[PDB]
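The residues making up each chain are set out below.
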Amino acid sequence: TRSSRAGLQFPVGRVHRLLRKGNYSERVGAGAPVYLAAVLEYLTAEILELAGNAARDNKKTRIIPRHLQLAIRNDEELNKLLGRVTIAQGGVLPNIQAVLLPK
Amino acid sequence: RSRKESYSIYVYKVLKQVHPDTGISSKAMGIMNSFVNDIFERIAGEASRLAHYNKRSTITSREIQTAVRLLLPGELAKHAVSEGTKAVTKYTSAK
Amino acid sequence: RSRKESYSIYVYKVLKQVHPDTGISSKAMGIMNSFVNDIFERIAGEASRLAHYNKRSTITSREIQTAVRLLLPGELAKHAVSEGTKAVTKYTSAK
Amino acid sequence: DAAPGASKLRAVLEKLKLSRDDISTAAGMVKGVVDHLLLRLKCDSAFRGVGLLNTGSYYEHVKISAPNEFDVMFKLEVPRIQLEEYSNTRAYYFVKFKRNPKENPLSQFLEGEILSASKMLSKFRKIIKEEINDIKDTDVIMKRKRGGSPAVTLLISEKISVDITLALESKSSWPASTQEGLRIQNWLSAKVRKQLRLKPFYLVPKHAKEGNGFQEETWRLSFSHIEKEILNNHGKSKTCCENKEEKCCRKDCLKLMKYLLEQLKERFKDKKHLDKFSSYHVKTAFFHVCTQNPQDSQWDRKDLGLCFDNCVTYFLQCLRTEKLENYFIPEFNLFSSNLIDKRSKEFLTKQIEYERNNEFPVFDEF
Ligand SMILES: [Zn+2]
């Protein structure tokens with residue numbers, strides 16, 4: 001293949017087809033789909049890893065959208081990347097304002 | 001009997017890399033899928049804007065690298081750039 | 001019928017390692033022999049001077065290493081130090 | 001009451017437990033010193049997250065025959081460590097911090113991209129020493145460095161010794177290599193295996209001594225909390241050891257094996273023929289025996305005399321075959337020739353065979 005050549009799991013062939021048939025530029029350097037597939041795979045590994053751990057805290061062996069929301073919103077620099085993204089069936093971060101707590 | 005593309009099995013393989021026992025439910029599958037699509041469209045859109053800004057006709061790894069350095073915030077940017085450089089370099093190492 | 005020591009058969013074995021067909025004449029044997037004696041006396045003398053300079057009573061591999069780094073010139077020094085470290089390390093690896 | 005051969009082992013066990021009826025004092029002083037240590041450690045930025053691993057257990061006697069020696073493990077939260085397997089050893093790893101927004105106080109201990117076991121150990125021991133010097137009316141002495149796994153050994157007064165081992169905690173998946181291990185599916189359950197996999201794993205600083213060299217900054221896996229869980233919940237039936245009808249002898253077999261090894265090590269401590277062996281080899285061998293004998297009826301207490309013997313044979317078999325797989329890491333050979341020479345193995349084989357052929361006289365000699 002061509003994703004194996006780069007030690008990637010994301011399909012460099014598909015990312016090439018999408019950079020080409022997507023009208024992002026006339027030409028696409030043959031080293032671009034590799035870089036992009038790697039960045040996508042890194043961000044997906046980041047998200048899925050933080051997600052997995054949260055699921056494991058909820059003592060569950062199956063990620064569900066809530067866990068993705070917990071991972072994306074707890075991590076500071078994933079939040080800033082998806083700051084304007086609502087995740088379906090995601091719920092919110094458990095957060096009660098300190099002034100509302102009893103006294 | 002057509003062929004609709006999606007990053008299902010790819011995200012699945014990355015999952016089995018990072019959590020060999022944790023599954024992923026079809027709805028979180030769809031979320032990871034739309035996340036891949038969103039980030040890839042952002043990065044390619046910024047790479048395209050870079051290319052047209054400098055009057056080039058090729059999206060090379062230089063443009064993808066600057067797109068990553070523009071979109072992803074600080075530490076995520078540095079680590080993603082490293083990962084991409086390593087992948088591209090390895091790709092050059094083969095033939 | 002005494003036993004006079006000399007490094008004849010040792011230099012011979014190193015020769016058969018590095019040139020399995022080349023012999024060595026008794027006079028060049030004597031020269032290699034006096035070379036071994038000279039270098040060994042230099043290295044041990046410098047190791048002794050190191051030990052006494054730092055008020056120690058043991059010539060350990062540290063002193064032999066610094067003796068080699070003092071006597072043998074640059075590249076010869078580095079390669080000899082590597083060879084000695086490797087031998088000593090291997091000696092530690094056994095029991 | 002039981003099959004022939006039991007009474008002697010039962011008397012040994014009774015004497016050993018009689019040796020445990022005066023611990024409250026020792027255990028209390030240990031609790032005090034550990035609590036002080038934790039109080040100080042939680043104040044340092046680097047160690048804000050240190051905690052007791054075996055919660056509510058401020059002791060774990062590794063030597064069944066040394067009631068005044070304690071074993072405690074201090075866990076350290078340390079999130080998201082990327083492990084890199086060191087030269088295919090499956091048990092020793094390099095630890096590299098992954099991306100994390102909130103700065104992790106273990107930054108100071110980096111050596112480039114690797115977290116250095118040496119520097120962490122240095123700071124740990126310095127903190128312990130300076131805190132135990134705050135103990136004005138009790139001589140608590142830090143023992144001199146010997147390795148990395150027994151990180152700190154403290155001496156209280158003139159009778160108590162406590163081994164404090166620092167461990168990193170990872171909530172992440174068990175390292176890829178260490179998968180085929182913990183084969184309790186036919187003994188406890190497949191679901192219990194899954195649940196146990198969900199529990200964190202630990203890292204203890206342990207130099208991997210290769211023949212060419214030992215790499216000072218490597219870490220070894222730890223599942224000792226899992227070992228405790230399976231030890232204290234050990235039967236197929238959930239009601240094991242809770243009633244007279246389901247009274248097993250597994251724990252007793254483990255205790256008797258450890259006592260055997262400890263006495264044989266004590267007699268030959270001065271000749272360095274048994275130094276390399278530890279209670280962990282016998283504990284792993286016992287776990288293999290529970291794997292080979294999954295049913296509780298194969299561990300009826302009345303068959304103690306036989307059951308121990310079978311365990312002994314398995315241990316002896318390992319000693320003859322130079323093969324004892326770590327129970328969680330099937331590719332980690334604890335009994336390989338590179339860790340223990342053949343001579344010591346045949347020595348231990350012969351001594352245990354003599355003891356077993358003579359109704360275990362060493363149990364009574366000292
Ligand atoms: Zn039981």
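Residues numbered from 1 in each chain as written, not as in the entry; some residues may be left out. Chains lettered and ligands numbered in written order. Part of a larger assembly, values for the part shown. Heavy atoms only, no water.

- Structure determination for the deposited model, as stated in its record, used cryo-EM, and the stated resolution is 3.9 Å.

Considering a positive patch on the surface
And then number 1: There is a patch of like positive charges on the surface, built from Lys95(C), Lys209(D), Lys272(D) and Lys276(D).
And then number 2: Within the fold, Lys95(C) resides in the segment after α4 (74–93). (Patch = residues over 30% accessible without salt bridge, like charges linked within 9 Å, V, L, I, M, F, W, Y side chains within 5 Å. Areas by Shrake-Rupley, 256 points an atom, 1.4 Å probe, with all protein chains shown as cover. Salt bridge = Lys/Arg side-chain N within 4 Å of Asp/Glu carboxyl O. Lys, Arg positive; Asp, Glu negative; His and termini not counted. Charge placed at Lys NZ, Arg CZ, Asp CG, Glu CD. Helix = DSSP H or I, 4+ residues; strand = E, 2+ residues; numbered from the N terminus.)

Some thoughts on the arrangement of the chains
And then number 1: Sorting the four pairs of chains in contact by contact count puts chains A and B at the top.
And then number 2: Nowhere do chain A and chain C come into contact; their C-alpha atoms are at least 35 Å apart.
And then number 3: Separated without contact, chain B and chain C have their nearest C-alpha atoms at a distance of 31 Å. (Contact = heavy atoms within 4.5 Å.)

Looking at the interface of chain A and chain D
And then number 1: Taken residue by residue, the interface counts 13 residues in chain A and 11 residues in chain D.
And then number 2: Between chain A and chain D, a total of about 1,100 Å² is buried, with carbon and sulfur atoms accounting for 41% of that surface.
And then number 3: Per-residue buried area on chain A facing chain D is highest for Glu49(A), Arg56(A) and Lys59(A); these three make up 47% of the total on that side.
And then number 4: Run the count over chain A and chain D and you get six salt bridges.
And then number 5: With a closest N to O distance of 2.8 Å, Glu49(A) and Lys98(D) form a salt bridge.
And then number 6: Inspection of the chain A/chain D interface yields 10 residue pairs in polar contact.
And then number 7: For the side of chain A that touches chain D, the secondary structure elements donating two or more residues are α2 (32–57) and α4 (76–79) of chain A.
And then number 8: Considering each element in turn, the side of chain A that touches chain D owes the most residues, six residues, to α2(A). (Buried area = accessible area lost by both parts, 1.4 Å probe. Polar contact = N/O pair within 3.5 Å; in protein donor to acceptor, adjacent residues only side chain to side chain.)

Quick word on the domain arrangement of chain D
Residue and element names in this part refer to chain D.
And then number 1: With domains assigned, chain D is organised as domain 1 (1–18 + 174–200 + 223–366) and domain 2 (19–173 + 201–222).
And then number 2: Placing a centre on the C-alpha atoms of domain 1 and another on those of domain 2 gives a separation of 26 Å.
And then number 3: Contacts between the two partners involve 22 residues from domain 1 and, on the opposite side, 25 residues from domain 2.
And then number 4: Summing both partners gives a buried area of about 2,000 Å² for domain 1 against domain 2, and 62% of it is carried by carbon and sulfur.
And then number 5: Connecting domain 1 to domain 2 are one salt bridge.
And then number 6: In this structure, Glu331 and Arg90 form a salt bridge, with 3.3 Å as the shortest nitrogen-oxygen distance.
And then number 7: Scanning the region where domain 1 abuts domain 2 turns up nine residue pairs in polar contact. (Domains from an automatic or database assignment.)

What to know about the coordination of the zinc ion
Geometry reference: four tetrahedral donors at a metal, ideal angle 109.5 degrees. Six octahedral donors, ideal angles 90 or 180 degrees.
Residues and elements named next belong to chain D.
And then number 1: Every protein donor of the zinc ion is listed here as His234 (NE2), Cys240 (SG), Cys241 (SG) and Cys248 (SG), and their distances to the metal cover 2.2 to 2.4 Å.
And then number 2: Considering all four donor atoms around the zinc ion, angles at the metal cover 77 to 158° and the coordination shape is irregular.
And then number 3: All donors of the zinc ion come from a single chain, and their spacing in sequence reads H-x5-C-C-x6-C.
And then number 4: For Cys241, a relative accessible area of 21% puts it in the partly exposed group. (Donors = N, O, S within 2.8 Å, 3.2 Å for Na, K, Ca; no water. Tetrahedral: all angles 85-135°; square planar, octahedral: opposite > 155°, others 65-115°. Buried < 20%, exposed > 50% of the residue type's maximum accessible area, 1.4 Å probe, protein only.)

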